[PDB]
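As given, the protein sequences belong to chains B, B', A, C, C' and A', one line each in that order. A prime marks a further copy of an entry chain.
End of the first sequence = 167 in PDB author numbering, gap-free, step of one.
End of the second sequence = 167 in PDB author numbering, gap-free, step of one.
When the letters of the third sequence are read in order and numbered with PDB author numbering, they come out as residues 1 to 46, 48 to 55, 57 to 167.
When the letters of the fourth sequence are read in order and numbered with PDB author numbering, they come out as residues 1 to 49, 64 to 167.
When the letters of the fifth sequence are read in order and numbered with PDB author numbering, they come out as residues 1 to 49, 64 to 167.
When the letters of the sixth sequence are read in order and numbered with PDB author numbering, they come out as residues 1 to 46, 48 to 55, 57 to 167.
A virtual CB, placed ideally from N, CA and C, is assigned to each residue, including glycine.
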Amino acid sequence: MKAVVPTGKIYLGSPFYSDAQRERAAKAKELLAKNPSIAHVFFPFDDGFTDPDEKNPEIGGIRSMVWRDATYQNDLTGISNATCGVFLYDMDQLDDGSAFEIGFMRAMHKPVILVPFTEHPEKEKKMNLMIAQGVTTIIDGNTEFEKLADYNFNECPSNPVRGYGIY
Amino acid sequence: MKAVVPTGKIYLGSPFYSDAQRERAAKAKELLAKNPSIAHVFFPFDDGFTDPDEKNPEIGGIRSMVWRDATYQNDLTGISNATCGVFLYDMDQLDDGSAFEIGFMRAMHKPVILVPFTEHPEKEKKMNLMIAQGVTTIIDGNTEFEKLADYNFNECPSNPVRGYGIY
Amino acid sequence: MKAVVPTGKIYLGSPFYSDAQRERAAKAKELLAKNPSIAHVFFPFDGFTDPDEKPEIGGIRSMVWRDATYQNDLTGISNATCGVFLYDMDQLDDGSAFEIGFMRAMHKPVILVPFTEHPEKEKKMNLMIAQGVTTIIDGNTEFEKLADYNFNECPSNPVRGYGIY
Amino acid sequence: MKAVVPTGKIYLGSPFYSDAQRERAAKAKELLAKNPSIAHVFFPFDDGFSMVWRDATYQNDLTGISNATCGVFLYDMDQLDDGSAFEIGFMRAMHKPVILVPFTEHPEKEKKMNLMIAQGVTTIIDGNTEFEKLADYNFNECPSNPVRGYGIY
Amino acid sequence: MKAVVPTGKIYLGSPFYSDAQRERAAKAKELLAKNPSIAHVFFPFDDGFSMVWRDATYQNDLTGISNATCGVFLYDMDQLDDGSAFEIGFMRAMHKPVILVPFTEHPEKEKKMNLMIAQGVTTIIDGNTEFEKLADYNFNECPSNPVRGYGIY
Amino acid sequence: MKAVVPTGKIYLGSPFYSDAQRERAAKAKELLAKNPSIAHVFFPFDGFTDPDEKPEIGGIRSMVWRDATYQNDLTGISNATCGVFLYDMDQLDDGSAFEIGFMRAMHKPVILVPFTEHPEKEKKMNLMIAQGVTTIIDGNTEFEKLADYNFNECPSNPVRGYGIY
């Protein structure tokens, strides 16, 4: 089933405010860029919509409804265009925006690659059932991050989450 | 458009481990029980699946794949049967399981009622864009919790999230 | 098969500007209200108020009002089991058409109740709509069966007798 | 929680008038009618409507699946019905729960099931052993019950 | 990010052979062909196939919508096409982005749009003012651009 | 309209037990492999390994293997643009049928390539499948066009010449 051309279209989900998270995304892009099976990678934070009537826009502050609708839509559009999702999922500071997108994608029957990260590998290992059962493939970000450059995104082989306590 | 019979089928999403959360759900049920527009309310934590081959099952610990699949499915089945979602959303400790369900439901074009709770009403007021834009109706849990007994679940009038900083 | 309770949940779509439109919708309601297989009926014009909108129908509306109103409609479509469209064949309403496509994409049954006021012109209909709708009830002569139609099962009734384009 | 009123809307999928099958569907209808959690039950063969007949009947079935909240399939394991299988897959794609009720007149034979069906269905109720359960099953919530005990291919 | 290859698959929705319309679709095809982000463009009237013709043609269009990644509609504001509107609603229900390209030969008249269309579409590109943009628009990501400047009803 | 790149993404569904089945699928691949409108082809039997499964085909499989395998198939269906089913009319495969229904619910085009090995029996076909499939290519005499069929657009081709049941 070798692809004649790359067909993997990635929706790269991830927070992007403070460092560490911004760094993860950076390397993620690099790895995916090196992957032969990828045709396109979409990252919600690259572009950005500008609402002419919105003065002194501040991130985290009150935003115009026009900016909100267009930005939210850009993300749903990215999910729509994608064939699969890749989420740089911080296990230390759960991101509800990412979890929402994971559920939205699974509702559309799309495969979802979870790439969990933790700075406390010695602390408890537990995951919410919806995330644990919702994702179709798990790739540890702390010790297997680099396989994003080799994973066959044309078919996304499944790999159930295991080894995590579930609640 | 008065309903001839109750048609609202609620999927009540909410964490249910430690107190406070368990208490919120309790009162939520009571309010919904008093609502004339509700035909059924589903709460994932009421029943529970038992896997005969699973000995000494512990919540938060390793669970059998059979238990995981059946429990996860019970929840998706609840979402499928529901006409709308009601989420007792802890703004202090974001729950990714709930966020996942919100996204799954919105992917199915179903209305979602967000009922946010916060023990720090004086701290910053901010919400993730996906949640803020994804939900169709917001009812403050801290000061408007009781309108769950009167909200017309037969039609779920929209009420966009506003007053929250967005990130 | 004999509903132990009405299960029909109608999304009633139709324009609501002119006296004519308001009329058809008024009778539509009365009829459906007599149908025993209906548990609920939703009509988009029965509204949202944007506290921060200093508003004029047909004018520039706030994005908040637009989002809330558009959603109330999608919400009615989500909740509904089937759609009933008072389709004016003389003044094609793209809002209604949009909704018909939305509902069909969701695989829900759609009942088209067309009106023409101009019998002289050849009865034509766009391909999408002719093929998209699952049941047609002529409004000019069959408007009455909306009170008898079994919305618990929504029997099929292909569109015929219309030039397709 | 306890439903303020019957919420379950069943799409009863089953082959017909080919001996026994007609009997199965018959008893099933009776059992379901005794169930307090059901608001409505649809059976593609009760009511009835060339490419015109085909489309209308096909559509009448998709409409039944659309209005339905869950699917119940009197699944004959001795003669696989692709119509029912198509419908099971259609309902699962819509995220709707599916109750499989397998029947076999040959228990002496291998006990096997296609993976898509075994994993696709959310609840199994054996037709030869617990057919009567259709009258007690809570269709307002359709509790899951994974398929087990079947060799899979 | 920059696509390793054209990813956009356009479903071009437009009325046909009714004067002007044929011209619009014509130029649109040329503009899209110049777009480096497009992998494929489907136009319901190019290729062509009674209830047999109806079903086949209808289906050929739903198949085009299915394979499509986005929708581009040459929307005539002077004569509302319910076919295109049906398709816009169908694509939005599938969560696919829709580019609306409105055209009007009467700018002196009121500027109004039905709410379902104004809110349903995700990106607007005026046909009279910026038709040429179809050649530059990045169809690999379909950036949103909400409808504004239209009275809504 | 002349794809600036192949866009066809086929989900090839079919049983893979007997020599006959393995054959049809083998030729199916070779054919599709010659088609220039295909960008990718997915065949479910090309597998998952459960590290904790001490395994026998057709036997009791671990739930982990079942979930992973079932998902790889749904994943192939999600990624695909259309389905191609080598449908054995003599030994109806409910797994393939399930997938055909799943794909149609997603509104994707489905190409049925039936085989019969028993021309003597009247050509019959279940209603769902006859109406569900969007294009039929006889495998006993038209197997070859899978190498020419334009999967970029997937031209429709209604099922006819089969007793419906």
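Skipping 5 residues on each side, what residues in its chain have a beta carbon closer than 6 Å to that of B'/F43?
Excluding sequence neighbours, B'/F43 sits near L12.
State the start and end residues of the unbroken alpha helix (DSSP H) segment that holds A/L76.
Looking at the DSSP string, the run of the alpha helix (DSSP H) that includes A/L76 is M65 to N81.
To which residues does DSSP link A/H40 through a beta bridge?
Bridge partners of A/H40: A/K9.
Buried or exposed for B'/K110, going by 16 or more other Cβ atoms inside 10 Å?
B'/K110 is buried by the Cβ-count criterion.
Just by C-beta distance, which residues in the region 65-77 of chain A are closer than 9 Å to chain B'?
Listed in sequence order: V66, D69, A70, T71, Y72, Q73, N74, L76 and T77.
Three-state secondary structure (DSSP) of A'/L129
Reduced to three states, the DSSP call for A'/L129 is helix.
Suppose the cutoff is 8 Å on Cβ atoms and the five residues either side in sequence are ignored; what does the same chain contact list for C/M1 look like?
Excluding sequence neighbours, C/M1 sits near nothing in its chain.
Please list, in chain order, the chain B' residues whose beta carbon lies closer than 8 Å to that of C/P36.
The premise fails here: C/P36 is roughly 13 Å from chain B' at the closest Cβ pair, so nothing lies under 8 Å.
Taking a contact to mean a Cβ-Cβ separation below 8 Å, would you say A/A25 touches A/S14 in this structure?
A/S14 is positioned such that its CB atom lies closer than 8 Å to that of A/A25.
Could you check whether the Cβ of C'/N128 sits closer than 8 Å to any Cβ belonging to chain B?
Answer no: the Cβ-Cβ gap between C'/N128 and chain B never drops below 8 Å.
For A/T7 versus C/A39, is the C-beta distance shorter than 8 Å?
Between A/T7 and C/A39, the C-beta spacing is below 8 Å.
Closer than 7 Å by C-beta to B/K9: which residues in its own chain qualify, once you throw out the five before and the five after it? Chain order, please.
If we look at B/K9 and ignore the five residues flanking it on each side, its Cβ neighbours are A39, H40, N81, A82 and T83.
With 8 Å as the threshold, decide whether the Cβ of B/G141 is near any Cβ in chain B'.
No, because no Cβ of chain B' sits closer than 8 Å to the Cβ of B/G141.
Could you check the C-alpha separation between C/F16 and A'/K55 for me, to the nearest Å?
Their Cα atoms are separated by approximately 42 Å.
How would you label B/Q93, buried or exposed, when you count the other beta carbons within 10 angstroms and need 16 or more for buried?
Flag for B/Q93 reads exposed.
If we define contact as Cβ-Cβ less than 8 Å, is A/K125 a contact residue for chain B'?
Output row for A/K125: interface = no.
So, for A/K29: in the same chain, excluding its five sequence neighbours on each side, which residues have a beta-carbon less than 6 Å away from its beta-carbon?
For A/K29, where only same-chain residues beyond five positions count, there are no Cβ hits under 6 Å.
Hey, C/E155 and B'/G78: beta-carbon distance below 8 Å or not?
Going by beta carbons, C/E155 and B'/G78 fall inside the 8 Å limit.
Alpha-carbon spacing of B/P116 relative to B'/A70, whole angstroms:
The alpha-carbon separation between B/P116 and B'/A70 amounts to approximately 24 Å.
Backbone CA spacing between A/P36 and A/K147 [nearest angstrom]:
Cα to Cα, A/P36 sits roughly 12 Å from A/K147.
Take B/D96 as the anchor and find which of B'/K125, B'/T118, B'/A132 and B'/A107 has the nearest alpha-carbon.
Closest by alpha carbon: B'/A132.
Tell me the residue span of the beta strand (DSSP E) that contains residue 56 of chain A.
Absent from the coordinates is residue 56 of chain A, which sits in the stretch where chain A moves from 55 straight to 57.
Rounded Cβ spacing between B'/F145 and B/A99 (contact assumed at less than 8 Å)
A Cβ-Cβ distance of about 24 Å is found for the pair B'/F145 and B/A99, leaving them out of contact under the 8 Å criterion.
Consult DSSP for B'/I59 and reduce its assignment to one of helix, strand or coil.
It is coil, neither helix nor strand.
Kindly identify the DSSP beta-bridge partner or partners of A'/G165.
A'/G165 is bridged to A'/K126.
Would you say B'/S80 lies against chain A (beta-carbon separation less than 8 Å)?
Put simply, the CB of B'/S80 is far from chain A, with every gap to its CB atoms at 8 Å or more.
Could you pull out every residue in the same chain whose Cβ sits closer than 8 Å to the Cβ of C/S158, ignoring the five residues on either side in sequence?
Excluding residues within five positions, the ones whose Cβ falls inside 8 Å are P111, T136 and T137.
Around the Cβ of B/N74, are there at least 16 other Cβ atoms within 10 angstroms (buried) or fewer (exposed)?
Buried, because 16 or more other Cβ atoms sit within 10 Å of the Cβ of B/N74.
For the alpha helix (DSSP H) that contains A'/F104, what are its first and last residues?
Judged by DSSP secondary structure, A'/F104 falls within the alpha helix (DSSP H) whose first and last residues are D96 to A107.
For the beta strand (DSSP E) that contains A/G85, what are its first and last residues?
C84 to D90 is the span of the beta strand (DSSP E), which, as asked, contains A/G85.
Own chain partners of B/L32 with C-beta closer than 8 Å, once the 5 adjacent residues on each side are dropped:
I10, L12, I38, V41, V86, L148 and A149.
Near A/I102, what residues of its chain come up, given a Cβ to Cβ distance below 8 Å and the 5 sequence neighbours on each side ignored?
Same-chain partners within the cutoff: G13, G85, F87, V112, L114, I131, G134 and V135.
Endpoints, the alpha helix (DSSP H) within which B'/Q21 is located:
Per DSSP, B'/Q21 belongs to the alpha helix (DSSP H) from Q21 to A33.
Check whether chain B' comes within 8 Å of A/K27, counting only Cβ atoms and requiring the distance to be less than that.
Chain B' contact via Cβ: absent.
Local Cβ density within 10 Å of A/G163, reported as buried at 16 or more and exposed below that
A/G163 is classed as exposed because its beta carbon has fewer than 16 other beta carbons within 10 Å across all chains shown.
In this structure, how does DSSP classify B'/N159 when only helix, strand and coil are distinguished?
Correct three-state label for B'/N159: strand.
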